[PDB]
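Engineer: sequence unknown, structure follows:
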């Protein structure tokens, strides 16, 4: 796993439009507070994929970092009359969530940001397919998936889902099944590339490397406990900066060795920065790869 | 003793109980995708009204 | 130059589809049997949708007919150099005693060499009782103690992975050219299966089979050639054998990690009061590696290196007698409404008659769009399919004949209509 | 088998190397160092029940 569980690099914002009632403890996200849209992600035996890779951003954090766009509407009303857009994309997902929740965000088909919203004070059920009337209600959303956001520049629009023998997997529809149809509860991972859709894959192959971006390096200052410090202020080789910083061979090989005039002790992350996936034989870096639990409708005829 | 045969009785009869695994889904008569089971309760009974002391 | 040789037509039992908005989207689901080609030839497989011009190819090229050896027992070894340290301590000083130096454990550090600390490098500690008095540098008449701290370390920059072969699996490097144009190179051994983007490929029948290889071993070098050793493998590390000091990884040999194994009582010690000399008769693996390096002539076969995956292989002198089983896991094969035209030409003819190698033909195809080009003869016994691209391209597949003077007129078709084409050439005798 | 003498010449014996210090054979009392033999230390190895008593 990763030692950095509550520490979130960069902004670390976890709030959606319409449910801005937890920004006092979830903006930013630190070791203290009580964010309902982040505490359930570190639970043992629930989302191990998030516990394996925790140095990268989440879904909402990727939305606030100008990485994942927003859908229309970004937060649909799960109680409004004359139907609602967030219905067919929710009935096809077999996920569980505790009680005292009002919102439950997930991933749509265009790779944007689609979520639901429950007017106060209406809580959800065990499956979250429908809301109901009313201890304390959570002032946030519940992640229905297990994906993490990251910055990548690898195009993959032509790498559409090629799941053979499957009519409709997850939410997307490959074709119109007119004959037989086999409905079963199977788990299938997914992956989203740049300027593409929610591509589903069979097996999942991870890859951990490093680079020269400031996100792959952490640092802390020495003062009279652990105190975080902005690592982006470290000057480059022959360039400029703000506050100096030094470290070992890994941290000194990327920035400039200062030592005597440094104000903090920079270090190297525990394998983070670039996470590539093995698809079509080659290695590409996705944007929001996950491992959800939905209903797969396979063919038969 | 199977759950679908406990209402019969526990009389003194040379019987046996098995459990065969079948298929699942709506292809043969089930509402779940998990493979179903088959409860077999075969007992042995006499045929002839006389015996022999071998 | 490489081309298809065994061209068979797929049956209608595993071929289906329907037209939706004028778009032939055929589907393939089932198994199919096809004969693998020889060295140089390919295994073509065309598909017939609802019309005649709608035809795509599925060729499988045979690179070579090697024999992959199954690896069983493997380890890592290499050269090393003993580095012994001497530190004589007087009697009744610290850990210097007549009973604490003679029965010293070979796995515990002393107070004289405790400044190094814990390390993952292999080492050993010995105790030797020297002399005492003022004749050698002491205050008491009791003999002093000699603490020996010898650790092993390597002086080379590379290592060798000595392994053996327990079975020779008939491996065939076969590539798969999909219907769209993507080419995926895989392999098949004995009766193994793989995973592609349209089904599963497997081998039904092997070919030949070298038996008896337990009394031989091979040497693999990272980034270099291979080698062979005419000596049976030993499971226990003994002295005088190629592998008296083994490990499990290259880093465990280049740095001499403590996880490796070695033979007991191997470092010869020569204590001389204050002098220490540790000389070991280590067997240099580079002498055998440079002595018996592949290629080597062994019986009728010829052992050589690999041409793809890391592992020992073997080159044979026979033919290719194998059958390929092509499956279909419900793959979608689309088609166009109408194919484009193309005018074929003639170039040359080089090959042989009556043999497994066949004979390649030179055909100049000049078209515009992307499609295929099906050709036929005068009696429906020779089918020729070639990809159709943009511009002028030279193609041609492997053809089989029984006459050195081939003067048969062909009828090629690119979109439905046929055009006359006459070929010629001179073939040679191929055994 | 060879025998080293500190200060004098060497020697050779026409027999294999002894591995068991049995009674009635050359090599029943062994030690570890020279002082363990000259001063008769208890760290050496000897055959059990070798002292005859009358």
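Structural biologist: Sure, I can see it. Numbers count the residues shown, from 1 in each chain, chains lettered A, B, ... in the order given.
Engineer: Quick one: residues contacting the closest residue to residue A:53 other than its chain neighbours.
Structural biologist: Excluding its sequence neighbours, the residue lying closest to residue A:53 (C-beta to C-beta, 6 or more residues apart in numbering or on different chains) is residue A:148, at 5.6 Å. Every residue, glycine included, has its C-beta placed from N, CA and C. Each residue near residue A:148 by C-beta atoms under 8 Å, 6 or more residues apart in numbering or on different chains is listed here: A:49, A:50, A:53, A:54, A:56, A:57, A:58, A:59, A:288, A:289, A:290.
Engineer: what's the burial count for the fifth one?
Structural biologist: Which is residue A:56. A count of neighbours around residue A:56, defined by other C-beta atoms under 10 Å in any protein chain shown, yields 21.
Engineer: gap between it and chain D?
Structural biologist: With distances taken as C-beta to the nearest C-beta, to the nearest Å, residue A:56 is found 64 Å from chain D.
Engineer: What residue in chain B comes nearest to chain A?
Structural biologist: Closest to chain A within chain B is residue B:33: 4.4 Å, counting by C-beta to the nearest C-beta.
Engineer: Correct me if wrong: that residue contacts residue B:25.
Structural biologist: Yes: counting by C-beta atoms under 8 Å, residue B:25 is a contact partner of residue B:33 at 5.4 Å.
Engineer: Now do the strands in the stretch 151-300 of chain A.
Structural biologist: A:166-168, A:182-184, A:190-192, A:198-200, A:208-209, A:217-221, A:264-268, A:274-275, A:277-279, A:282-284, A:296-298 (DSSP state E, counting those that start in this stretch).
Engineer: Now the residue in chain B positioned nearest to chain D: closest residue in space, sequence neighbours ignored.
Structural biologist: Going by C-beta to the nearest C-beta, chain D is nearest to residue B:21 of chain B, at 63.6 Å. Spatial nearest neighbour of residue B:21, excluding adjacent residues (C-beta to C-beta, 6+ apart): residue B:35 at 5.5 Å.
Engineer: now the one you found: how far from chain C?
Structural biologist: Applying C-beta to the nearest C-beta to residue B:35 and chain C gives a distance of 23 Å.
Engineer: re the thing from before, in helices only, show me the contacts of residue A:148.
Structural biologist: In this view, the contacts of residue A:148 that belong to helices under DSSP state H are A:49, A:50, A:59.
Engineer: which residue packs closest to residue A:277, ignoring adjacent ones?
Structural biologist: In space, residue A:277 is closest to residue A:286, 5.2 Å off (C-beta to C-beta, 6+ apart).
Engineer: actually residue A:231, sorry about that
Structural biologist: Leaving aside its chain neighbours, residue A:231 sits nearest to residue A:219 (4.6 Å; criterion: C-beta to C-beta, 6+ apart).
Engineer: My guess is the residue nearest to residue A:277 contacts residue A:192. True?
Structural biologist: Yes: under the criterion of C-beta under 8 Å, residue A:286 makes contact with residue A:192 at 6.1 Å.
Engineer: Specify which residue of those two has the higher count of neighbours.
Structural biologist: Taking neighbours as other C-beta under 10 Å, residue A:286 and residue A:192 compare with residue A:286 leading, 24 against 21.
Engineer: List the contacts of the more buried one.
Structural biologist: Counted by C-beta under 8 Å, 6+ apart, residue A:286 has contacts A:150, A:152, A:154, A:156, A:191, A:192, A:193, A:275, A:276, A:277.
Engineer: Buried ones from these, can you make that a PyMOL selection?
Structural biologist: Of the contacts of residue A:286, the buried ones can be selected in PyMOL as follows, counting by 16 or more other C-beta atoms under 10 Å in any protein chain shown:
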select buried, chain A and resi 150+152+156+191+192+193+275+276+277
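Engineer: does residue A:1 really touch residue A:53, like I thought?
Structural biologist: No: using C-beta under 8 Å as the test, residue A:1 is too far from residue A:53 to be in contact (9.0 Å).
Engineer: which one of these two has more residues nearby?
Structural biologist: Neighbour comparison, residue A:1 and residue A:53: the larger count goes to residue A:53, with 18 against 12 (by other C-beta under 10 Å).
Engineer: Correct me if wrong: that one contacts residue A:274.
Structural biologist: No: when contacts are counted by C-beta under 8 Å, residue A:53 is not listed as touching residue A:274 (11.5 Å).
Engineer: Distance-wise, check the residue nearest to residue A:53 relative to residue A:292.
Structural biologist: Remark: distance between residue A:148 and residue A:292 (C-beta to C-beta, to the nearest Å) = 13 Å.
Engineer: Against chain D, how distant is the residue in the stretch 101-250 of chain A positioned nearest to chain C?
Structural biologist: Nearest to chain C, among the residues of the stretch 101-250 of chain A, is residue A:165, at 4.1 Å (C-beta to the nearest C-beta). Counting by C-beta to the nearest C-beta, the gap from residue A:165 to chain D is 72 Å.
Engineer: Which strand or helix spans the closest residue to that residue other than its chain neighbours?
Structural biologist: Once flanking residues are discounted, residue A:165 sits nearest to residue C:330: 4.1 Å by C-beta to C-beta, 6+ apart. Assessed by DSSP states H and E, residue C:330 sits inside strand C:323-334.
Engineer: my guess is the residue nearest to residue A:231 meets residue A:248, correct?
Structural biologist: No: under the criterion of C-beta under 8 Å, residue A:219 is not in contact with residue A:248, lying 11.6 Å apart.
Engineer: higher neighbour count, those two?
Structural biologist: Neighbours were counted for residue A:219 and for residue A:248 using other C-beta under 10 Å; residue A:219 has more, 25 against 11.
Engineer: Report the contact partners of that one.
Structural biologist: For residue A:219, the contact set (C-beta under 8 Å, 6+ apart) comprises A:229, A:231, A:234, A:245, A:247, A:251, A:264, A:265, A:266, A:267.
Engineer: And the fifth one, how close does it get to residue A:272?
Structural biologist: The one in question is residue A:247. 16 Å.
Engineer: And the second one, by the same measure?
Structural biologist: Here the criterion is C-beta to C-beta. By it, residue A:231 lies 13 Å from residue A:272.
Engineer: Neighbours of residue 23, how many?
Structural biologist: By default, I'm working from chain A. By other C-beta under 10 Å, 15 other residues sit near residue A:23.
Engineer: Chain B, not that one
Structural biologist: When neighbours are counted by other C-beta under 10 Å, residue B:23 registers 12.
Engineer: cool, and residue A:194?
Structural biologist: Neighbour count for residue A:194, taken as other C-beta under 10 Å: 16.
Engineer: quick one on the thing from earlier: would you mind naming the residues that bridge with the residue of chain B closest to chain D?
Structural biologist: residue B:37 (DSSP bridges).
Engineer: Tell me if I'm right that it and residue B:37 touch.
Structural biologist: Yes: counting by C-beta under 8 Å, residue B:37 is a contact partner of residue B:21 at 6.0 Å.
Engineer: Tell me which of those two has more neighbours.
Structural biologist: The residue with more neighbours, out of residue B:21 and residue B:37, is residue B:37; 12 against 9, by other C-beta under 10 Å.
Engineer: wouldn't residue A:167 be in contact with residue A:184 here?
Structural biologist: No: between residue A:167 and residue A:184 no contact is recorded; they are 11.6 Å apart, counting by C-beta under 8 Å.
Engineer: more neighbours, the two?
Structural biologist: Neighbour count, other C-beta under 10 Å: between residue A:167 and residue A:184, residue A:167 has more, with 22 against 13.
Engineer: Understood, closing this out.
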